[PDB]
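Peer 1: This is the structure I want to talk about, given as structure tokens.
Protein chains: 6
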Amino acid sequence: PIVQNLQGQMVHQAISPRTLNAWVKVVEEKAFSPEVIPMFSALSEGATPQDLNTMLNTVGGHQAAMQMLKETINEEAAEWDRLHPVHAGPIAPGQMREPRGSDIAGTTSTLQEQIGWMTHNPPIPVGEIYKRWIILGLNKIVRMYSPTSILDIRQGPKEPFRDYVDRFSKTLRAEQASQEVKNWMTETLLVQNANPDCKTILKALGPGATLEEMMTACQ
Amino acid sequence: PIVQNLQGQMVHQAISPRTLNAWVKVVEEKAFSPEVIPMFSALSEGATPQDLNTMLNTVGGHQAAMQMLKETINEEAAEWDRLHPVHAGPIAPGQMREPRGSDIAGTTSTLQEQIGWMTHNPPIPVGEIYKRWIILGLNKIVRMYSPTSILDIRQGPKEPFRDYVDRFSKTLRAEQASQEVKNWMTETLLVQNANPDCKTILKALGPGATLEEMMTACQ
Amino acid sequence: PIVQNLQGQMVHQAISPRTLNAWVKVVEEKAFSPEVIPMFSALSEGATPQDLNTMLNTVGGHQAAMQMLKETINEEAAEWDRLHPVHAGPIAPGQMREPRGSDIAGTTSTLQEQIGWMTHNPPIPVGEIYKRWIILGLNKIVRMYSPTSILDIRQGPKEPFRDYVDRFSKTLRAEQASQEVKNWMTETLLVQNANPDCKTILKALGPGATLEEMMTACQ
Amino acid sequence: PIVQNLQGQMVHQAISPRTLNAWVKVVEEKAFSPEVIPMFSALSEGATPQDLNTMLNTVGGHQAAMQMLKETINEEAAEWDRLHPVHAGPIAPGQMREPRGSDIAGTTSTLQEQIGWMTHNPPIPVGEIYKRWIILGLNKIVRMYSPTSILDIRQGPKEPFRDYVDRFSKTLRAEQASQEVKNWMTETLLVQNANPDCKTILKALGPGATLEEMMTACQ
Amino acid sequence: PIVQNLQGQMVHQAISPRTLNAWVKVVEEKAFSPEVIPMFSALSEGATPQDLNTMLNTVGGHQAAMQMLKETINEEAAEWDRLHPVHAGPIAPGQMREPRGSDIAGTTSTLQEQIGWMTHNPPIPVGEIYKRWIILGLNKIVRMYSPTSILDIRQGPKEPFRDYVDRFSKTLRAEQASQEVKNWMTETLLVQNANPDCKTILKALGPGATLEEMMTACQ
Amino acid sequence: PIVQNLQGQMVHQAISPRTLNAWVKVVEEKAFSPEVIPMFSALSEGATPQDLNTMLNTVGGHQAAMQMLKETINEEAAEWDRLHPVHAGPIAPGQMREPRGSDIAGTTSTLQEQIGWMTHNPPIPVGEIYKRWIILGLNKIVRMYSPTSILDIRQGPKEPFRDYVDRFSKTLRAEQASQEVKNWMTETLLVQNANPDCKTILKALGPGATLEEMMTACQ
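Protein chains in written order, with the deposited numbering: chain E, 1 to 219; chain F, 1 to 219; chain D, 1 to 219; chain C, 1 to 219; chain B, 1 to 219; chain A, 1 to 219.
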């Protein structure tokens, strides 16, 4: 970020390593949880678009998050590009040009330009715009929080199948990639974590049956 | 927070509802958990002593925790008075005075003083000094946690053995002691505080049975 | 209002019913579906805050969505006022006032004021600033939940018709399908997907008995 | 609300949280019942069209109810524009203009115009004209009725007769009909939508039994 | 109240009948409910002790409450005479006398004196001070409540006796009747509105029985 | 701080521990009985807002009671800011200033500012203004209370022992009494007031048997 010396002249200092350390630790625990948005927002006030790219690099271990966010960055930059068909040079000769969406993204623009729009008067708040675009990407990211483990399903004393299947299906819904290992647990574990009446039923019905047939049979 | 605007203006700012909401949820969820500390650090950017006090009072509704932390400020203030041995005369009228441990803790200083020091020429950084002290104090709170007891966890007549094991396993994480104790407590007390019919099942099956088996068997 | 054409020439004009008509049908059918988003954008190009407000009004009976969007307005607004506070007092009344969050959102601004900002010198696009927050809120709604399945209104072990019909009717209205499909699902699912004790009763009673007679009968 | 300060100063003041919360608790219990009218009047003391709008906006979750009220405002506004003189040149330059029906509704006038008109030596006092229209709109909403009907209420197999009768007794007061008709409905539908084992007990009791007896009987 | 306009005229208007009718109506429905407090505040703006006294006289149908509020008013006025004892004459020559507590309670003060102090220079505002004392009284008044009736307290099929008798006795305590009638009512209704198994129990146990016995006989 | 003695003279002094020790013991014993209010009054004469905050911190332990107070104070404080907001300028720094509600409550002020107000031209009485908000809050708090009597801890006809020991034990800690009373209550009443199925077990076990014995027995 830029901060402001005693004469009032700005000074850039690349994002704080203390900030970096804090920011990685927020993503390690809370990348998909909304508390990431005020934590990201808090740590990005007066930041440049390049500090924000170092911030995005730091969120780059959550693969799911890095694809969604990088895509949102492309969408907002494309949108800016449809509304903004910028001139060849500056609109203010001697000053920084009109930013395109990628300049906002801090990718195509130099650090000096990002500091010029930031320091210059008339709401060109490149950090703050990029940060809202990023914040929209986070909103997409938190939509895909992940519960884990499907093995922890179990059944009550006299409880019928139809409820167990509701917990089972829900354990399986969150699952993804490589179905075959899943399927092999499904055929096994379905019968195995059932209560003894349901276990007898599930053993009996077999591979001929639909899980709706067993749920009728088990009410 | 104190924030900037272009060309020599430092602006005190209100703290975001998102940073507050988030800070509120953090103490609510992480009061004795190590994570309160980086969540605090990430939510204490630009913070004056006054912001930091506002943040604390809103969440400090637990007096044992607040006391310990406030005692840690008392330790650091005591160290502060060791850093600031006697001086001669007024420092410079219109520039703010020496900040002591109470000034850094925001009690003897007004908001305008707090500003004064943080906006000073190469600042004496009183919000950041109070922060250093609070991070050690919160660290103290998570180190000096109150546990909860294994002893209690036992199984009722209409209570399920699987549900009793969910409280046992969790109480066992929370129980203060080492792993050789935990394994030993598991082996002894899990079976021992079971309801007798359930207990009977676990003893019929005997000590080599998996907990995955014990918890399927007793319903 | 003024809008700037595809070439880039300024044109004055007003809203269309067909846009509104399109908005009631989408929001009735896709309120919690992400398809709402590009449909909202297609219907909000050249929109003022008041136009945005008419749109919202034309589907104002989805209070829950309206409240999610309002939390987003309020959140984003509080953030604006700390980040971009007005200049104090009526320093120059009668010409170009600064706006707050409530002005971007059009609750405190007249349409002339809204138009004033957007036909001012220096690109102040209050319509776009309010849309961007509305898109952020729309993303929050599409994020949270979506699926229904009318085929799965299967019962508990002894579970009565009056509980079943109640679930089935609520799910049949909430299930997005044509009314002819709804007549085919009414006609398929009712005797068939019923609790087996109930299904016995319902197979005796027959199509000569109404849902009320079924609900009384099946206790 | 407008309030006073000494010697000719009128001060605009923020709406009370205690009113907003009361207005919420009031609509939340009495939206369709007359008590919302005096409650509305008493908390609209010194209210402006913006204050009153704000109040309506905070409770404006029924689109049809909100629509009826806006139409009533429009009817009354139409009667206002019949009544308003067809004044040519400035009546009141350098002070507030002509207030139309949309100015009394606060739609097209700014708050300061609203303060202006209501705070000079009585000229046209817009809040009070707007309150008159709203009190009429609220009168329509309470006069108007349409939710619930008696026949929906039938009794379950594991449901007390007293739990069925509470739903019945309350429902019947909300059903539409003269009271002789309601009495006839009581005698008929109470026993007829009963659970068959309770229905048996009740028919054993016959039409001589008080309602105390019917609840005693059926346990 | 005193009322005022922005051209500069300030006059007294004594308390409105329409405000009296609205206040009476508030008290009839919400006397014992906090909404009486912002409704009071809103209808006593600029209200002198004399308007407020006129206002107070109307809650006389809740005698214990009006008496308690008046007794409080006397505690707080005597407390003002201790805290603010008056000079024998006026404190500044050719100016109005200090208010005593009794002058704040309006008992010894005319409307003109209440007018003079509200319209004085420095913070002494007799209406608002009298309102603080009354608000403390209002706090006592909301601490009251008003149940339905004893004759409807009865017990569900398998429902516990100990709770039933707790509901019966409190409702009988709230119920307006002479004590001998409550003594007879308790002995009659308690056993008679008991659930039938419990009813047959209470008749087995018999009328020599304590509630300690009655709760034992059915448990 | 400064206090005024019975001869009328102004005397400086500062707090006593005896007042604090008495205030803690007072809350611990009488929070649920109205005497806490006239004891609060006895212990809050001469108090500054910072004295008052000190008191509250010594009684910080009943978080629910302190919260209700604190909510009430935040409501009065919010109302104060609405009725009186500060001057826009900084007219006389360290001489006098407008106090906000939090400044009255000592949340945002230093002590020198509170004394500056209370020793100003017209004794601005921030300790007494804040003590009224505490006393009003204290009225609401004493209005909340009603749990009593270990001997009235009894069970329903089909109810669990473990849960019953929790209601019995927790009630027994909240009940001040003495220890001798408490074992006699435990050995008589735990066995007498048990659920019939539980009571058959407890009588069988005998009041001799330990609670671990009774919990193994009742499961």
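By construction, the Cβ of each residue, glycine as well, lies at the ideal position given by its N, Cα and C atoms.
Any beta carbon of chain F sitting closer than 9 Å to that of residue 78/D?
Peer 2: Taking Cβ atoms only, chain F reaches closer than 9 Å to residue 78/D, which makes this a yes.
Peer 1: Counting only runs that start and end within the region 62 to 96 of chain B, where is the alpha helix (DSSP H) found for 4 or more residues in a row?
Peer 2: Complete alpha helix (DSSP H) runs here, min 4: 63 to 83.
Peer 1: Sorted by chain position, which residues of the same chain lie with C-beta nearer than 8 Å to residue 117/E's C-beta, five sequence neighbours on each side aside?
Peer 2: Counting only Cβ-Cβ distances below 8 Å, and skipping sequence neighbours, we find 96, 99, 124, 125 and 126.
Peer 1: Hey, is residue 45/F's beta-carbon within less than 9 Å of any beta-carbon in chain A?
Peer 2: It does not: the Cβ of residue 45/F has no partner Cβ on chain A nearer than 9 Å.
Peer 1: Which of the residues in the region 149 to 169 of chain D, read from start to end, lie with their CB under 9 Å from any CB of chain C?
Peer 2: The region 149 to 169 of chain D vs chain C, Cβ under 9 Å: 158, 160, 162 and 163.
Peer 1: In terms of residue numbering, what span does the alpha helix (DSSP H) encompassing residue 2/B cover?
Peer 2: Where residue 2/B is concerned, there is no enclosing alpha helix (DSSP H), although the beta strand (DSSP E) it sits in stretches over 2 to 5.
Peer 1: What are the residues of the region 11 to 33 of chain F that lie near chain D, defined by any Cβ-Cβ distance shorter than 7 Å?
Peer 2: For the region 11 to 33 of chain F, which is checked against every Cβ of chain D, the residues closer than 7 Å are 13, 14, 16, 17 and 18.
Peer 1: Output the distance between the C-alpha atoms of residue 67/B and residue 37/B, rounded to the nearest integer angstrom.
Peer 2: Straight-line Cα distance between these residues: approximately 18 Å.
Peer 1: For residue 149/F, does the count of other Cβ atoms within 10 angstroms reach 16, so buried, or fall short, so exposed?
Peer 2: Under this definition residue 149/F is an exposed residue.
Peer 1: Check this for me: beta carbons of residue 7/B and residue 49/B, under 9 Å apart or not?
Peer 2: Not a contact, by the Cβ cut-off of 9 Å.
Peer 1: Within 9 Å (strictly less), CB to CB, does residue 3/E reach chain D?
Peer 2: For residue 3/E, the answer is no, since every Cβ of chain D falls outside 9 Å of its Cβ.
Peer 1: In chain A, which residues lie less than 7 Å from residue 108/F when you measure between Cβ atoms?
Peer 2: Chain A residues near residue 108/F: 110.
Peer 1: Between the alpha carbons of residue 201/B and residue 157/E, how many angstroms are there, rounded?
Peer 2: Rounded to whole angstroms, residue 201/B to residue 157/E spans 34 Å at the Cα level.
Peer 1: Does residue 136/D come within less than 9 Å of chain F when only Cβ atoms are used?
Peer 2: No, residue 136/D lies away from the interface with chain F (no Cβ there is under 9 Å from its Cβ).
Peer 1: At 7 Å on the CB atoms, spell out the chain C contacts of residue 132/A, in chain order.
Peer 2: Correct list: empty, because the minimum Cβ distance to chain C is about 17 Å.
Peer 1: Between residue 199/E and the rest of its own chain, which residues show a CB-CB distance below 8 Å, the 5 nearest in sequence each way excluded?
Peer 2: Excluding sequence neighbours, residue 199/E sits near 191 and 192.
Peer 1: Using DSSP with H/G/I as helix, E/B as strand and the rest coil, what is residue 155/F?
Peer 2: Coil at residue 155/F, not helix or strand.
Peer 1: Among 135/B, 144/B, 170/B and 17/B, which one has its Cα closest to the Cα of residue 152/B?
Peer 2: Cα-wise, what sits closest to residue 152/B is 170/B.
Peer 1: Residue 46/A: which of 128/A, 29/A and 71/A sits nearest, CA to CA?
Peer 2: Comparing Cα-Cα distances from residue 46/A to each of 128/A, 29/A and 71/A, the minimum goes to 128/A.
Peer 1: Output the distance between the C-alpha atoms of residue 161/D and residue 216/D, rounded to the nearest integer angstrom.
Peer 2: Their Cα atoms are separated by approximately 8 Å.
Peer 1: If we count the other Cβ atoms within 10 Å of its Cβ and call it buried at 16 or more, is residue 65/E buried or exposed?
Peer 2: By the neighbour-count rule (16 or more Cβ atoms within 10 Å), residue 65/E is buried.
Peer 1: Between residue 39/B and residue 39/C, is the Cβ-Cβ spacing less than 9 Å?
Peer 2: Against a cut-off of 9 Å, the Cβ pair of residue 39/C and residue 39/B comes out as a contact.
Peer 1: Cα-Cα, which of 119/E, 132/E, 173/E and 122/E is closest to residue 145/E?
Peer 2: Minimum Cα distance to residue 145/E is reached at 173/E.
Peer 1: Residues bridged to residue 120/B by DSSP?
Peer 2: BP columns for residue 120/B are empty, so no partner.
Peer 1: Would residue 66/F count as contacting chain A if we go by Cβ distances under 9 Å?
Peer 2: Output row for residue 66/F: interface = yes.
Peer 1: Could you list which residues in chain E have their beta carbon closer than 8 Å to that of residue 215/F, in chain order?
Peer 2: By Cβ distance, chain E contributes 154.
Peer 1: So residue 8/B contacts chain C; which residues on that side make the cut at Cβ distance below 7 Å?
Peer 2: The contacting residues are 8.
Peer 1: Specify whether the region 9 to 22 of chain C and the region 66 to 81 of chain A touch according to this definition: at least 3 beta carbon pairs, one from each stretch, less than 8 Å apart.
Peer 2: Yes: at least three Cβ pairs fall under 8 Å.
Peer 1: Quick check: the Cα distance between residue 109/A and residue 4/B, rounded to an integer number of angstroms?
Peer 2: Spanning the two alpha carbons is a distance of roughly 35 Å.
Peer 1: Between residue 205/B and the rest of its own chain, which residues show a CB-CB distance below 7 Å, the 5 nearest in sequence each way excluded?
Peer 2: Once the five neighbours on either side are set aside, the close Cβ partners of residue 205/B are 213, 214 and 217.
Peer 1: Rounded to a whole number of angstroms, what is the C-alpha to C-alpha distance between residue 31/F and residue 60/F?
Peer 2: One C-alpha to the other measures close to 10 Å.
Peer 1: Of all Cβ atoms in chain A, is any one closer than 9 Å to the Cβ of residue 49/B?
Peer 2: By this cut-off, residue 49/B is not an interface position.
Peer 1: Just to confirm the assignment, what range does the beta strand (DSSP E) spanning residue 9/B have?
Peer 2: Looking at the DSSP string, the run of the beta strand (DSSP E) that includes residue 9/B is 9 to 12.
Peer 1: Just the chain F side, please: which residues come within less than 8 Å of residue 175/E by C-beta, in chain order?
Peer 2: Those within 8 Å of residue 175/E in chain F number zero; the least Cβ separation is about 19 Å.
Peer 1: Given that residue 74/F touches chain A, what residues does it touch there, using C-beta distances under 9 Å?
Peer 2: None at all; the shortest Cβ gap to chain A is about 14 Å.
Peer 1: Name the two residues that bound the continuous alpha helix (DSSP H) containing residue 179/D.
Peer 2: Its alpha helix (DSSP H) spans residues 179 to 192.
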